[PDB]
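Before any comments, here is the structure.
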Amino acid sequence: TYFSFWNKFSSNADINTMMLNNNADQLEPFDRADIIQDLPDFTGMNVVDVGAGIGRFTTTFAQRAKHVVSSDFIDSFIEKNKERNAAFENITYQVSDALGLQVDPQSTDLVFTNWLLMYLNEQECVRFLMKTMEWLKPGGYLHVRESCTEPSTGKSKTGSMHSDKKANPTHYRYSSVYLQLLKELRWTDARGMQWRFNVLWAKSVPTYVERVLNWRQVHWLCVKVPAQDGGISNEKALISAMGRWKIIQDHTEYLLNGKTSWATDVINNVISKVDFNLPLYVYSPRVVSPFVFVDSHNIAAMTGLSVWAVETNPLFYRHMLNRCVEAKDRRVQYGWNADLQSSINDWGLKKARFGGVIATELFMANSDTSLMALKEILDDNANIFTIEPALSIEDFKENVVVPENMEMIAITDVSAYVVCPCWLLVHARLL
Ligand SMILES: Nc1ncnc2c1ncn2[C@@H]1O[C@H](CSCC[C@H](N)C(=O)O)[C@@H](O)[C@H]1O
């Protein structure tokens, strides 16, 4: 049982236990800062911290929040929580299972969790997510962070508090399973309106990339938004979907493992000629083929620059996280976003800038408005290289809209190089 697994740490109510890591003091302040800085401004918010343990995130929320409900099902973690946070007067405490937490409906601006769904069975996962829908105001936020595929301490097990003599009951699910669950969930309120989670992004916690070489500490930020259309509303269908999504992912690995991108020869060649201080932005949606993508690890090895790469298909995003763990190149990080605009939205809010773009199907896959918005996250006169499928140069040139703030300086037939159909290398620059 998960309660007895955690209750046995009752006398170790400390940071090591919260991260199940004997070296947590090398990680905790950086992990906390990574998570906090990706959250919305929670000044004046009603926050709910579920599975809070001793309350390390509650300590930070209390500085600015209107109110924090801080909850956990281990009584002595809440006792240490109250002791550590005794100076604050804006925190109420509940010893409760996440599922039995009492929160008023439409009362909460942020439901915050960090390592929780991995301690719930599939049925409990779904029921809990539906509880957060009920607690959240419209436009409210849900934060989820989970250990995907393997424990946070990774294969080395260095510093892990998991006993080698006892089984570990934790569920280490695929990041693509949680992502689809959040994407497809639907909930109907007491007045008959249906809602969904707008999943703003999926990201790896950088502290664990940098210090643990673990890209599979994945977290998500979601907004509760109206949804007349549906994904899956039935709880039992949602439960079954989680198993189907795992199977589909296993077949994606079987298909993709060890296959190099058909675009790799062209990209290596031109990028070997170009000089791009800033990270590079990589975008790979894989619209026409699962085998046409940007090899970010080759970009980083050749340019020496850090790379932020976006995959918009949850299955391919998860596969590239696998590749990151295998390559162990800290310069490369992957993210998931619904589309280009979602990525621009996030990075623009951070006022981040990228030194150039290397993409496949950037024009094939994206609206005119989003391509026009891309300048918001790019350095001045940044250059964009994208491999585009087309019927012909004339087909492409007709009915492609060049954003007013850039110009295409080359549309080169590279069809003979993108092979196991017409492929164009489009070279553009910001004006
Ligand atoms: N079903 C459940 N309901 C409430 N708390 C739970 C729970 N399952 C696990 N927990 C608690 O969730 C915590 C996971 S360890 C993570 C603690 C905290 N979120 C942090 O990041 O620092 C533990 O404190 C454990 O006791």
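Quick note: residue numbers are just sequence positions, from 1. Each ligand, and each atom within it, is numbered from 1 in the order the structure gives. As a basis for the values below, the full set of heavy atoms in this structure was taken, side chains included, without hydrogen atoms, waters or symmetry mates.
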Would you say ligand 1 has an N or O under 3.5 Å from any N or O of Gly51?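 By distance alone, the answer is yes.
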Where's the contact between [X] and ligand 1, heavy-atom distance under 4.0 Å: side chain, backbone, both or neither?
X     : answer
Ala52 : backbone
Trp6  : side chain
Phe57 : side chain
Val50 : neither
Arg56 : side chain
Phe3  : neither

Enumerate the atoms of ligand 1 whose separation from the nearest heavy atom of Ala98 is less than 4.0 angstrom. 2 (C), 3 (N), 4 (C)
Within a distance under 4.0 Å of any heavy atom of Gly53, pick out the atoms of ligand 1 and give their elements. 24 (O)
Just need the protein heavy atom nearest to [atom], so name the residue and atom and give the distance.
atom                    : answer
atom 1 (N) of ligand 1  : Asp97 OD2, 3.4 Å
atom 26 (O) of ligand 1 : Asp72 OD1, 2.9 Å
atom 21 (O) of ligand 1 : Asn114 ND2, 2.9 Å
atom 8 (N) of ligand 1  : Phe73 CZ, 3.3 Å

Residue pair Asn81 / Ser70, side-chain donor-acceptor N/O under 3.5 Å: yes
Scan side-chain atoms only and decide if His162 and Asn168 contain a donor-acceptor pair under the 3.5 Å cut-off. yes
Parallel, tilted or perpendicular: which describes the rings of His143 and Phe112, with under 30° parallel and over 60° perpendicular? parallel
Should the ring pair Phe77 and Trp6 be called parallel, tilted or perpendicular, given that the plane angle runs from 0 to 90° and is split at 30 and 60?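 Taking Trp6 first and then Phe77, their aromatic rings stand perpendicular (interplane angle over 60°).
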What residue among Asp14, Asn12, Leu20 forms side chain to side chain contact (heavy atoms under 4.5 Å, CB included) with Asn16?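 The option that passes is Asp14.
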